[PDB]
Amino acid sequence: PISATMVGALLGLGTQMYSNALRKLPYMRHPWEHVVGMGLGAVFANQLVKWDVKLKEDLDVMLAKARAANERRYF
Amino acid sequence: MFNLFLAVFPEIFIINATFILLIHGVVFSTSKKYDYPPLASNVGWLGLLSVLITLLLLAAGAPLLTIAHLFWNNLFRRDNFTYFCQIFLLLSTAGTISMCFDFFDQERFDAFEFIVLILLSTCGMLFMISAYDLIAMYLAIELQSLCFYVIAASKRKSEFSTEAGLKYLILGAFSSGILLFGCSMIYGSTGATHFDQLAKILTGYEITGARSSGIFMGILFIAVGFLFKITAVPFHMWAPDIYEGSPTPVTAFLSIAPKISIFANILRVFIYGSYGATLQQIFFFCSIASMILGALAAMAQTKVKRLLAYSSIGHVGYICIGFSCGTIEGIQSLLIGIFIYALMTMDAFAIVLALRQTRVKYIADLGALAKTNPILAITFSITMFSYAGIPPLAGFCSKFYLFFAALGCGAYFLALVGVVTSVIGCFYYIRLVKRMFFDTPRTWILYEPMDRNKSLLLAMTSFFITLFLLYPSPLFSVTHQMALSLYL
Amino acid sequence: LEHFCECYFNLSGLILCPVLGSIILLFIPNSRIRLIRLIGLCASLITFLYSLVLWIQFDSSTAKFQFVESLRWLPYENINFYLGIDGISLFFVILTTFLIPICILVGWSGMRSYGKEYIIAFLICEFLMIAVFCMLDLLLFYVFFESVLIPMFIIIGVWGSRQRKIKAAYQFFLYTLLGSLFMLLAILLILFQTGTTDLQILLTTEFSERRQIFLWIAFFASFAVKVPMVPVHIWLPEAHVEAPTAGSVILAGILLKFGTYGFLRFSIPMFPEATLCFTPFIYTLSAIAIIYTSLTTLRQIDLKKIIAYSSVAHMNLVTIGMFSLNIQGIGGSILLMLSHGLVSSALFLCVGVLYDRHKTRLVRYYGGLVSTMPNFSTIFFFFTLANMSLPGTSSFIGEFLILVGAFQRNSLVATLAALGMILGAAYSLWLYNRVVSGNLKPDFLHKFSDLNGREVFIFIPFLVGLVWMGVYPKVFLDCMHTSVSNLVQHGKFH
Amino acid sequence: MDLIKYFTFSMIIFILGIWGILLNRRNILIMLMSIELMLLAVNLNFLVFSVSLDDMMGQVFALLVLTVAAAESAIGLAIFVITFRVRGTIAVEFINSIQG
Amino acid sequence: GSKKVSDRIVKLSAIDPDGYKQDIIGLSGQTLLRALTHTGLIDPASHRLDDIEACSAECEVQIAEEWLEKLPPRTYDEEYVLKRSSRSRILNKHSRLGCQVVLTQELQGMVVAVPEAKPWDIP
Amino acid sequence: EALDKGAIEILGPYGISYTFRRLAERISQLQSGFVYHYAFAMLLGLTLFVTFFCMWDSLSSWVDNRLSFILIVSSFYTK
Ligand SMILES: CCCCCCCCCCCCCCCCCC(=O)O[C@@H](COC(=O)CCCCCCCCCCCCCCC)COP(=O)(O)OCC[N+](C)(C)C
Ligand SMILES: CCCCCCCCCCCCCCCCCC(=O)O[C@@H](COC(=O)CCCCCCCCCCCCCCC)COP(=O)(O)OC[C@H](O)CO
Ligand SMILES: CCCCCCCCCCCCCCCCCCCC(=O)O[C@H](COC(=O)CCCCCCCCCCCCCC)COP(=O)(O)OCCN
Ligand SMILES: CCCCCCCCCCCCCCCCCCCC(=O)O[C@H](COC(=O)CCCCCCCCCCCCCC)COP(=O)(O)OCCN
Ligand SMILES: CCCCCCCCCCCCCCCCCCCC(=O)O[C@H](COC(=O)CCCCCCCCCCCCCC)COP(=O)(O)OCCN
Ligand SMILES: COC1=C(OC)C(=O)C(C/C=C(\C)CC/C=C(\C)CC/C=C(/C)CC/C=C(\C)CCC=C(C)C)=C(C)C1=O
Ligand SMILES: [Fe+3]
């Protein structure tokens, strides 16, 4: 379906084209750079998803400790 | 013994690399054989490399930064909060440096010492974030400030740059003296300067009738210094003049990194310490004043840099509302606002630096930009609408929390002020869009296309601004994590 | 909870259609004008057909929301958003999808200078407005409504005729944003009680009579700006006159309906006690608007200014209908909303036909056009009759049903609202006779052209829709009655 | 009474610096000198407190603050020099071009 | 050719900050600033548009009252710009913004004093 | 003329624009360009901080919060 790899590749390709356009160059001026951008975007998106999972995992434990410290009041 | 210094590997590396670049630059800039080559861009690339290696060392050694914490305790304190703060600071410094190469070569600003001073100020801000004692905090703040004074005056034959430097040094030194006085009063009243000791002494009493006027005025003076640093009204008027008169890369750097560092400091001093409602009221009144004055003064501006300076003043008012309400969500919203404002400011100054190749000065100089560079006019329009807070752009987050904090805390006057100032801000932000898209001037200014570095940075920041609210979970989680780590 | 719907044709794809069109058009060179024109037109037409299909699969017996599907924002799933329609929002989706291709067709001749930016702006508007009409959540209703401000601002400012478009665009943006911020404040107050912004839940929570008063005022401050109600109506003439023709069509035919849709969708069912308490207030404001604005219309000298002022009187009649809180009232309010969206759009198209040739909006320059443009004259007369609520036209059904609804509640408000029959006739016939009847004035205009094939085709569906709703409104009312009935009953159990 | 007398000495120095800022609107060199006076007063505050509290932290920080004062004066006088070089004068009317 | 550039030329004299008088040329319908930029008496790069919104009095000139009566009176915005751009924040009664003065045939022979250039090139 | 283009314009976009322009004008003038004004402002803010937030104990006998904020606003209408 719509995987992080595909979103990232599309974003990387779009980044290269947007960069070319900003410089008033043809969209496909250096195509190997478009390939590089697709690769980097895919890698970035997959890493962002994994990081998000890890971040939620750490926030869970940290909220657990906060809750325990708060519950110590009613002892 | 050596392993103890794993807690300061990032800082050791960046300091040593800065020394290496200083020596390299001075040895070859003076070389007759090589015909005194300009080394600003060479040293800039090597320093960008050094910043990225520092970021790698810091990010990949998250647990190791807490090693030997008892041995380092009376010098600094590294934790989860300082971890993410320092990463964001290094990322901002890297972006700012990357935006400087066209300025180096086309203006011919050949001074490589500019890069060295930026790197030393980054060292200072790194130490600011991890400071856990009034002495360390003051020293790191002073290192940062002295580097800025020097770089603000870098165009040393320019009337504007010399004026900026003079105003900065005088007003900066005055505010630093006020802050140091506050620190001395707190030490004299408590016998302590370490943040842990201050927390223990001050907690549970606040103003219990028999309040230490020494402690109360030390806090006040320190707060005055902090408010000067964050350009909060009424300690703000240095900022527009310095921002306009400094070289534009300096203005871009000052607009972002010191805010990160000083808010780290403010959180860890006040939030982690204890006088209480008085100080949150300080930031309350300064937030309202900053929003009102920023909106009105920005509406008065005809020049781009001054407009952005006043815009930043208004936004620090919006951010300080979060510090004022004194809740975990308040801290989280303050952090979210800093991150988003920093990425928007990076976008805006990338555009400004691109346009400075044709000497953009006035808002009216943007006329017919939608004709001479359509994709650039759209990109700049997205930045403006994000600054205005129009959903679903990333800037909408700060407006949303401003009203979220007012309605709940019962602050109806703050909500009133937020509505009015948001509408004023939207007017002066869409005035730029009108100038680029609706006006038909008789004389056009044709702008030179930007370099690859700024185009790539602009492309990424423009996707973030448009698409952040499709996938905002990592920022939300990371900032909740940081807010919690201040106390646990 | 994943609320994914069984139906093949659903709401998300209809959202995605103009988005995909816009992305494709982003990358096509401006030299390929024909390709840009065809791609935009075809995307809009496919979206229209998709909405027609959505009308066929609609179930006219339930009070629930249909095609309900869900849309999941965070893995924590605390905040999850839903789309769905009913018998009150369906025809507005259809009207939006129908009007957008008309907008692309009106600018067909000037597309070589308009560029792909024109089509992209209108497609983005289409996506945002369909989203707005399809949202079961206060907060996303907010987010998608404010978003339309950006492309509308661009449309008015760039392709407006003269430099007054600057002031017009500023005023449009600032008025609408002020109202939107008020309703954001209301949304946050609701969230503090309930912990949610999901419409279905808020329809099943109880608000205090006091909390209802404050929340109703904060909703009213957005919606009355949107309607518009007096005295925050003054942005409308400037904006609807200075905009390009298609921009005026979208402004009058769709954007104006968002305030009445907000009244129908959130204010009346969420706060029934406040709705009852404020009913005399709404009646007074609307009656004042109808009389005063109709009389102001009478003294306007600009074609577009006359058509734009007419919309204020029509929308305030709509508000009277919807706040009558019975079947005739709400049914007539919805029918008049749709009919106005057709009729005012056609009238703006007529004025645009005149302006594209002659470049003046001043009535005094025209006259005697029946002898040089008989086809335009006939079509203009038909839509003039429709704007007077002539029986047989679509607007009469909604107008009379609203008067029926109002009379059963308050005979005075119905009596003040029926004065519109006299005043609207007066200004509509005066406009038509000053433009079309009389003699030509060759010292001002001496060269003429009747409608070309594109203009005739553009007018045909408006004529068909007006007559169709006028003579057999049962097709629309049958699909709406269950939703309207449940809206009328919400909050009471006898 | 020792501690109140030592503190009011440093306090008069600090107030004198404030007054020097207030009274020297055409003389920014004296404004810099007034800022040094304030810094000296703070340094004295740290030393007095160190003795009164029998604690060394006030003394370490005093030395470091002296280092900061030196660097501050060096950089400030450099900026003064270059401003004078650009304008040929130190009058305040020639450093007021950034405004608004 | 029955329509010449000479039909629109306006004879002018400008006194430079050193005091020396120069005979300069401009077109009717264009601004005094453009005429002054033709020979570099005012740097064209310092004032690239003829708009009051892009003006920090880089175009400022001093004109004697005999020629001031032949010009339209200064608008409020012009006086605002002139006063704020003054070092002493004092409005000079003979000061005009060169970008707001449109040359006409009636200004043939006008004498204009160009003051010393203010800093303009913001870092 | 009396309403739409009259009173509603004056207590609306026409009047609002006029006042906010004059006020933005006044606030811009406070950024005078003089370093002495900027230092004086910092001193005034510091003095305000000490005065209101610590020396408002006895004050309350003579003083009220109503009069405080009234005199503030009233200052706008001077000269
Ligand atoms: C709905 C959001 C809320 C409201 C905000 C709206 C904000 C915009 C306002 C809307 C009004 C109309 C806006 C008109 C803009 C459309 C025209 C446009 O931007 O076209 C650009 C196109 O700009 C772009 O480059 C946009 C690129 C963004 C990429 C985003 C897509 C990401 C995935 C796509 C993957 C690549 C393509 C796949 C298919 C090949 C052409 O730029 P030029 O300056 O004319 O020329 C560029 C130079 N050259 C053609 C030679 C290359
Ligand atoms: C916040 C509510 C405000 C309104 C409250 C209700 C009404 C109270 C009574 C009216 C108050 C305002 C009275 C204004 C008197 C007229 C002043 C005037 O001179 O009018 C000028 C225009 O100014 C106004 O009319 C002021 C408009 C005020 C409208 C509201 C102000 C702003 C409100 C929004 C911001 C604050 C929000 C606060 C919310 C609590 C016309 O400019 P001129 O230079 O042409 O005048 C020449 C003169 O006639 C002699 O020849
Ligand atoms: C697998 C597809 C993607 C692979 C990409 C290459 C491998 C990755 C290595 C890193 C690539 C990063 C991007 C390299 C180009 C960066 C920008 C350089 C542009 C520049 O200003 O300097 C140019 C140097 O050329 C250059 O830097 C390019 C030099 C030669 C590289 C081009 C060959 C790429 C191979 C692609 C697949 C080949 C298939 C067979 C293996 C000089 O520009 P100029 O004067 O030379 O001309 C340019 C005509 N506008
Ligand atoms: C999150 C929203 C969505 C984002 C999308 C993510 C997708 C990933 C991005 C994909 C990138 C697509 C393009 C890749 C191919 C281009 C390769 C660059 C070629 C290169 O070597 O560039 C050099 C310059 O460096 C450069 O131009 C590189 C520096 C660019 C600046 C960015 C990095 C700076 C440091 C980090 C900033 C962080 C800021 C955040 C706070 C030489 O270029 P040339 O040979 O043309 O000669 C220029 C004249 N001197
Ligand atoms: C039952 C009682 C209540 C019932 C309802 C009654 C409400 C009364 C009416 C209130 C609604 C007013 C809406 C404000 C819109 C103002 C539009 C003015 C904009 C305009 O067209 O002119 C601009 C003026 O902007 C400017 O320079 C001015 C700044 C922009 C104005 C925004 C300020 C509004 C903030 C909030 C005010 C209301 C408070 C709400 C409680 C351009 O001017 P130019 O040509 O000089 O510009 C340079 C050109 N590019
Ligand atoms: C047009 O006529 C004129 C006036 O009229 C505005 C004037 O008076 C002035 C200028 C005199 C003034 C206003 C001196 C007062 C300055 C102060 C208070 C310094 C403080 C700094 C600034 C820039 C104001 C911001 C301060 C605020 C909002 C208060 C502090 C913040 C909190 C609430 C915490 C002049 C010359 C004038 O000719
Ligand atoms: Fe000028």
Side-chain angles (χ1 to χ4, degrees), chain B residues 96 99-100 102-103 107 109 148 151-155 158-165 167-168 231 236-259 293-316 341-342 344-366 369 380 383-384 387 425 428-429 431-432 435-436 445 447 450 454, chain D residues 96-100, chain E residues 46 48-49 53-56 58 84-85 118-123, chain F residues 24 27-28 31 33 38:
Chain B
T96 288
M99 281 178 332
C100 292
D102 258 20
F103 173 81
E107 187 97 13
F109 189 97
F148 299 164
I151 60 185
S154 41
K155 295 236 66 178
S158 154
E159 284 85 8
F160 299 111
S161 186
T162 54
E163 184 178 316
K167 293 179 170 174
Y168 201 177
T231 77
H236 70 284
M237 332 168 69
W238 72 273
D241 283 14
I242 277 53
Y243 285 17
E244 169 168 47
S246 298
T248 311
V250 173
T251 296
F253 190 55
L254 303 192
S255 289
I256 312 176
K259 249 86 163 154
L293 184 142
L296 293 176
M299 187 164 42
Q301 290 325 292
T302 62
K303 300 189 262 174
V304 181
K305 284 184 105 185
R306 290 200 78 85
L307 172 77
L308 288 162
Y310 281 120
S311 165
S312 75
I313 288 168
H315 198 270
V316 309
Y341 153 87
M344 295 200 301
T345 299
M346 182 95 65
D347 170 312
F349 272 101
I351 298 173
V352 170
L353 279 161
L355 295 188
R356 278 298 296 165
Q357 303 287 295
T358 324
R359 289 282 179 289
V360 69
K361 185 179 157 183
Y362 299 97
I363 290 154
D365 292 336
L366 305 172
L369 193 51
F380 196 20
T383 326
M384 295 294 102
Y387 269 121
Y428 69 69
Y429 287 128
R431 197 143 61 172
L432 269 71
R435 181 62 71 164
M436 291 182 292
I445 286 153
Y447 291 92
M450 61 184 66
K454 281 192 269 319
Chain D
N96 78 349
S97 280
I98 317 161
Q99 62 169 314
Chain E
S46 82
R48 277 178 297 173
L49 313 174
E53 304 184 66
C55 173
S56 292
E58 300 91 350
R84 73 182 319 268
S85 296
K118 329 170 168 64
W120 62 265
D121 191 10
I122 272 61
Chain F
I27 265 70
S28 172
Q31 193 75 12
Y38 303 171

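So you know, we letter chains A, B, ... as the sequences are listed, proteins then strands, and number each from 1.
No hydrogens or angles considered: nothing links the side chains of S85(E) and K118(E) as a donor-acceptor pair under 3.5 Å. For the residue pair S56(E) and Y362(B), a side-chain donor N or O sits within less than 3.5 Å of a side-chain acceptor on the partner.
Contact annotation: the side chain of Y428(B) never approaches that of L296(B) to less than 4.5 Å [non-hydrogen atoms, C-beta and beyond]. Between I98(D) and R306(B) there is a side-chain heavy-atom pair separated by less than 4.5 Å. Residues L432(B) and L307(B) meet the side-chain proximity criterion, which asks for heavy atoms closer than 4.5 Å. Side-chain contact check for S97(D) versus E163(B): some heavy-atom pair is nearer than 4.5 Å. For the pair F148(B)/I242(B), no side-chain contact is recorded, criterion being any heavy-atom separation below 4.5 Å from C-beta on.
Nearest heavy-atom pair, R356(B) versus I122(E), reported as atom, atom and distance to 0.1 Å: NH2-O, 2.7 Å. Nearest heavy atoms, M99(B) versus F349(B): SD-C, 4.2 Å. For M450(B) against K454(B), the heavy-atom pair with the smallest separation is SD-C, 3.9 Å. The two residues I151(B) and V250(B) make their nearest non-hydrogen contact at O-CG2, 3.5 Å.
Taking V316(B) as the reference, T231(B), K259(B) meet the side chain to side chain contact (heavy atoms under 4.5 Å, CB included) condition, with sequence neighbours excluded. Every side chain to side chain contact (heavy atoms under 4.5 Å, CB included) that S161(B) has, sequence neighbours left out, goes to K155(B), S158(B), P247(B), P123(E). Partners of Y447(B) by ring-ring contact (aromatic ring centres under 6.0 Å, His included), not counting sequence neighbours: none found.
Aromatic ring pairs are classed by plane angle as parallel below 30°, tilted from 30° to 60° and perpendicular above 60°; the pair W238(B) and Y243(B) is perpendicular. Classification of the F109(B)-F103(B) ring pair by plane angle, with boundaries at 30° and 60°, yields tilted.
Between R359(B) and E107(B) a salt bridge is recorded (basic side-chain N to carboxylate O distance below 4.0 Å). With respect to the salt-bridge test (charged N to carboxylate O, under 4.0 angstrom), the residues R431(B) and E53(E) do not qualify.
With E244(B) as reference, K303(B) is the one residue of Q301(B), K305(B), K303(B) to meet the side-chain hydrogen bond (donor to acceptor under 3.5 Å, both in side chains) rule.
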